[PDB]
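In: got a structure for you, letters missing:
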Ligand code: HEA
Ligand code: HEA
Ligand code: CUA
Ligand SMILES: [Cu+2]
Ligand code: NA
């Protein structure tokens, strides 16, 4: 079910021996699913990207959530508004003010 | 009698493959390989002569699309979807 | 910084006027017999 | 101040099922439009032809034209 | 050096010889059936007979004198034979 | 005669397999190319005269 | 007769042809159903901004995805077998008439009593009467009476043709050495136009069949009027 | 499919030359036969 | 050196390149023949005077685009190019008969042109109906030249089929079975089976018609006990299997290109995909008399054959739903070949639906040898199959040359075909509804509207093939190379680079032990 | 050994754009014009 | 020479994180900003943020998946060579085609018009249906 789905995803993203290649594989096969990812899953991905220092892949998966919001753009405000403590204790900003949302 | 046997008649590539068969070796891929091991300490070994090699992994059971990629002589690389490990080894003389 | 910003609209406008002009020419100016439907406005007359 | 929880999962699934329902309803609408346009008018025009149609009298009124090879 | 267990076929003009030989034979049959010639027929029959002759001589040469016929290739040959028959 | 014919063939000299014999096989080679090319020229000229009316 | 800017098929004359065009229109709104389905699916399928490239299971669509085409094709095919039953129905042989495809033209025979055979050709464009159809008018039109089951007995002399009347909607293939029976009924007077319908040489477009519905009393007056 | 820039970037005029050449090399043969059709029809 | 590499070739890549160039040859000859037909049929009256010449050019049209480019790319060139590059084969098992097939194709082409050069002219249509092709109506050599050209094309297809099945089973790595591989294997496998199980009937037919003509047997002549229905039955027993030969490799390549450009890592419903393929191959033999709905056959046979055509229409619908399922839910990048794919699926769908309408038996009785049948097979094979052909041709053009093709001109071309073939062949639909028989040069006056607008559409097809000659020229002129290709992990054929080298797969593919 | 590369694995040389243009135009001109010359030949014969 | 060996960059939203970076060559100050990136995250400003993004990967989705005028220019080219096609029609109508048959004159088409109206050809829906036989004028 979705509960054990998200549980195995957060354990996969919070294993201590994560590196960029296998988190890339996990994120790509997460994108391949038919779902907007859970904010807890995005939170775990941001902790992993904090652990091995990937600003650009982190903002890339943020804008991946943005383009996965689809034809309606209310999902991304929800995702960020649970992500506000996480962004300001990792110090990361999102493209909507760091200047990649536009052309 | 009068009918010759393989060890006196069959020559060339027949000789290498038949002597390899009677010693129980497959140096020219007549049979599927063995020693399946996807773990870190025991990767999947691929014999070769060159730096460069094709692999195609059926990396889940009863799969449609074969995951093909390229092995180089160097560090072990893995399937991008399942996670079976691969090394190249230069001894297929 | 591409071809489709301004050359694209130039090509679409020029091709538009060129194609509509030559197709009104083919439809009307030669006067080929299309053998249109003679209903409505085309009238017959008597024969033996 | 705060936002409610919208759909994360099954979004394309509900989109596709409502769109194939729309596909079925627009297909039956297209067929009903084609029917009401041309199909039963064929049946009708045959009916008002043949309920009062008299084929022999039809034969005389193109026979006064004097066209028939068998009828001079 | 090759690593696969399959016979690498070297370039051959025998396809060209067989192709124009078959064309000559077909032209002979129609030329005889419509214009009564014999010489082109004799040329066509001789060139097919020789073409398959040293074609199959080349086949035996690469088969038993070279040993390229790995049993994978041999069972492929049996597949070709049963499909032909 | 199989092993001596085999070591007669595999000199590893790089010439293709239809030129393992020497002069007689190139003799037959050259005469078959000559006869097949002459045959196809004679076919094309015969078809051209068949095309042209009398 | 065919008219310019003809959208659909010829209007039916025979009752079998009115049934045939009813089944035709049945197939037509069926094909418009499925064409509307594929267009709406492809439009609202390409206009989607959502991706799903995971392993979606495929062994869950078999039963519905195979029973819906099965039922739609079976209710297509049931009127087809029914109309084949009205193809091979029992005839009441009111009249017979033979035709032969002679070499690029037609021949017609009434051999029931005072045997009559005649040949029909194409009236040329230069020799056309003022006010006749191009490529259709024939110096000897074949003439048949009102509302009688009449069997065309078709054959051909030296090359197979096809007796083809789209204004009665029947085309039947005149094989040499083999006569085929095709019954016709009609209910409306006048001229009815067709062709032959397989390739048979260098005047293939130049061989029509024009058929004249008259009352049977005037038909027998005609038959007495030739001979 | 990522691709390198054209090794030989055909200039504005060059493209026209190739385009016209194809059109001309195709229309001329057909038109030539069609133009002489009237004399052809005539049986001598 | 050139005579060794390209004349004396024993490699499948260069044999496929030769196949592609010969197919371009035959395709241009065929479109010129179709333009001769369309220019004669543009105006009421006779452009060519006698229409015996019209019959000769329409049967040349039929022969050249049924036998001389469609197998050469779609089965021949695409097959021997890609099948080793996706199986793992270093080469053909049977390259000398790959070379039989290719190098006996131009003798067949030359004998067909010789049949045209014959004073009589083989004016019999696509099919070789006796006694139209008999000793009296066609007393001449042209029919015999066509018969021997079809002999050479037939044996070309036999040896190609033997090579393709031998490669498609034998070259496979042993651990992977037939159900572990993508759709090229199953597509060319089932089509080579259909070649092998259909072509000998055609060869038999042309042989006994040949001895009917020349050395005087009476197999089809009813004056001494023959029957034309014999040749009819056997020739359509060939014809519809050859039809599904003309439709299935397009299915395989179109599924591959839809999976590629929809971004799918795996084509959905693969088991159902291959099941539909083998169902079509296994059932296409016993549906041949759907052309027999008006000859005089028994109504039990007619009912059985129309039921069988419904049953063969079922897995085509499975195929279409499988295509849409593959297209479902992906990153839809707008490649020109994906547009070719959309045009193929929609227009082939409506053509096959018109065929279902035809296979309604009494609808065939009113619509036999009619322009509606033309509208059928001219949406289906004249344009559906070739849309698959250009989709593959612009899809694997770097694999074939090493250079890319210009997408702007490519999709503008998909538009120019789109409008051209619609305005060409939908009027034929109108014409078949009006109801004239096929093989006509002069028509009644009421058909002028649709005839003229189809003539304009055919000239649109002319300027389209001019864009083909142009874009191949400019692609060769720019000769720009790729730097990266997508989905090479799931595409074996793109792994060796663009183009693949002379010796590919020297070391065969390593496979999982499982 | 055979030498490979992009474009040079094709039977016609791609060494010059103008020469390749000339070869392609004359080849495809012959291909397009062959059945025109055919139908011309039979209407000469008839 | 061959570059299918090393995994290749390809930016698309289906595989949104490619395995390999865009600019593998890294300068001295670029190495300095990379080790500062490896350091604490509270001292990074917007311009080096966007420059490190653009030097590790090429494009971002919100500026690459944009609808350009490529559809405009290709439909323009399509109907532009449609215009050239119409010019070809003009040329071939002027030079290739001969006279119309005499069967299309206005008096002659009136002759057959009266003919098939007198025959009541397809009088149900097709042609004679739109004609009245009482007032002798089209409906
Ligand atoms: C590739 C070529 C091709 C293909 C696929 C087909 C496919 C079919 N053909 Fe056709 N056919 C030809 C090529 C082809 N044909 C040719 C060349 C001739 C001329 C021979 C001659 O000269 O006499 C011919 C002639 C021909 C006739 C001859 C008419 C006559 O006697 O004059 C008939 C009639 O039965 C027929 C029927 C069919 C049917 C029923 C199919 C089916 O297989 C169609 C299947 C394809 C589909 C796309 C199905 C669509 C259905 C769905 C998508 C399911 C969804 C629908 C619902 C849910 C209702 N064909
Ligand atoms: C594939 C087969 C094919 C193709 C493409 C076509 C294409 C066309 N056909 Fe076809 N036609 C037949 C097969 C084909 N036809 C057959 C089998 C018959 C029956 C003959 C008979 O009656 O006996 C027939 C009959 C036929 C008639 C007979 C009607 C009659 O005489 O009563 C007419 C007339 O309108 C016609 C017209 C056309 C037109 C206008 C095109 C246009 O679409 C022309 C456009 C074609 C192309 C654009 C070709 C595309 C190919 C390439 C671009 C090359 C690709 C190669 C590489 C990329 C390497 N055809
Ligand atoms: Cu008689 Cu066609
Ligand atoms: Cu069939
Ligand atoms: Na004409």
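Out: Arrived safely. Numbers count the residues shown, from 1 in each chain, chains lettered A, B, ... in the order given. Ligands and ions are numbered 1, 2, ... in the order given.

In: Please enumerate the helices of chain G.
Out: Under the criterion DSSP state H, chain G contains helices at G:15-46, G:62-85, G:216-226.

In: how near is the residue positioned nearest the centre of chain B to residue B:66?
Out: The residue lying closest to the centre of chain B (Cα atoms, centre = their mean) is residue B:33, at 4.9 Å. Using Cβ to Cβ, to the nearest Å, one gets 15 Å for the distance from residue B:33 to residue B:66. Yep, even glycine has a C-beta here, placed from its N, CA and C like the rest.

In: now do residue G:138
Out: Residue G:138 is 68 Å from residue B:66, by Cβ to Cβ.

In: try residue I:11
Out: Distance from residue I:11 to residue B:66, by Cβ to Cβ: 24 Å.

In: where do the helices sit along the chain?
Out: Reading this off chain A. Listed in chain order, the helices of chain A (DSSP H) span A:2-13, A:20-31, A:39-51, A:55-68, A:75-90, A:95-98.

In: not quite, I wanted chain E
Out: E:14-35, E:39-64, E:71-84.

In: out of those helices, deepest packed?
Out: helix E:14-35 (a mean of 22; mean count of other Cβ atoms under 10 Å in any protein chain shown).

In: quick one: that helix to helix E:39-64, angle?
Out: Using axes from the mean of the first three to the mean of the last three Cα atoms, to 10 degrees, the inter-axis angle of helix E:14-35 relative to helix E:39-64 is 160 degrees.

In: what about helix E:14-35, near chain I?
Out: Yes: shown here: helix E:14-35 in contact with chain I (Cβ under 8 Å from any Cβ of the partner chain) through E:14-16, E:18-20, E:22-23, E:26-27, E:29-30, E:33-34.

In: I'd like the distance from the residue of chain E found nearest chain J to residue J:2, if you could.
Out: Residue of chain E nearest chain J, by Cβ to the nearest Cβ: residue E:11 (9.9 Å). Taking Cβ to Cβ as the measure, residue E:11 falls 10 Å from residue J:2.

In: Looking at these two, which is more packed in?
Out: More crowded of residue E:11 and residue J:2, by other Cβ atoms under 10 Å in any protein chain shown: residue E:11, with 21 against 13.

In: Nearest residue to the residue nearest to the centre of chain B in space, please, no chain neighbours.
Out: Closest residue to residue B:33 apart from its sequence neighbours, by Cβ to Cβ, 6 or more residues apart in numbering or on different chains: residue I:513 at 6.0 Å.

In: Show me where chain H has its helices.
Out: Assigned by DSSP H, chain H shows helices spanning H:12-35, H:37-41.

In: is the first one anywhere near chain J?
Out: Yes: for helix H:12-35 and chain J, the contact criterion (Cβ under 8 Å from any Cβ) is met by H:14, H:17, H:18, H:21, H:22, H:25, H:26, H:29, H:30, H:33.

In: What is the neighbour count of the fourth one?
Out: Residues within reach of residue H:21, counting by other Cβ under 10 Å, total 18.

In: Wait, it touches residue J:26, no?
Out: No: under the criterion of Cβ atoms under 8 Å, residue H:21 is not in contact with residue J:26, lying 10.4 Å apart.

In: So which residue is dead centre in the chain?
Out: The chain I'm using is chain A. With distances taken as Cα atoms, centre = their mean, residue A:42 lies nearest the centre of chain A, 3.3 Å away.

In: In contact with it, which residues?
Out: Counting by Cβ atoms under 8 Å, 6 or more residues apart in numbering or on different chains, residue A:42 touches A:61, A:62, A:65, A:79, A:83.

In: which ones are touching the last one?
Out: Residue A:83 is in contact with A:39, A:42, A:43, A:46, counting by Cβ under 8 Å, 6+ apart.

In: From residue I:87, how far out is the residue nearest to residue B:33?
Out: Note on residue I:513: its distance to residue I:87, by Cβ to Cβ, is 19 Å.

In: between those two, who's got more neighbours?
Out: Ranked by neighbour count (other Cβ under 10 Å), residue I:513 and residue I:87 place residue I:87 first, with 24 against 13.

In: Quick check, the residue in chain H closest to chain F?
Out: residue H:43 (12.5 Å).

In: How many residues are close by that residue?
Out: Residue H:43: 8 neighbours (other Cβ under 10 Å).

In: Please apply the same query to residue K:62.
Out: 16.

In: do you know how far the closest residue to ligand 2 within chain D is from residue I:281?
Out: As assessed by Cβ to the nearest ligand atom, ligand 2 sits closest to residue D:38 within chain D, at 27.1 Å. Going from residue D:38 to residue I:281 by Cβ to Cβ gives 39 Å.
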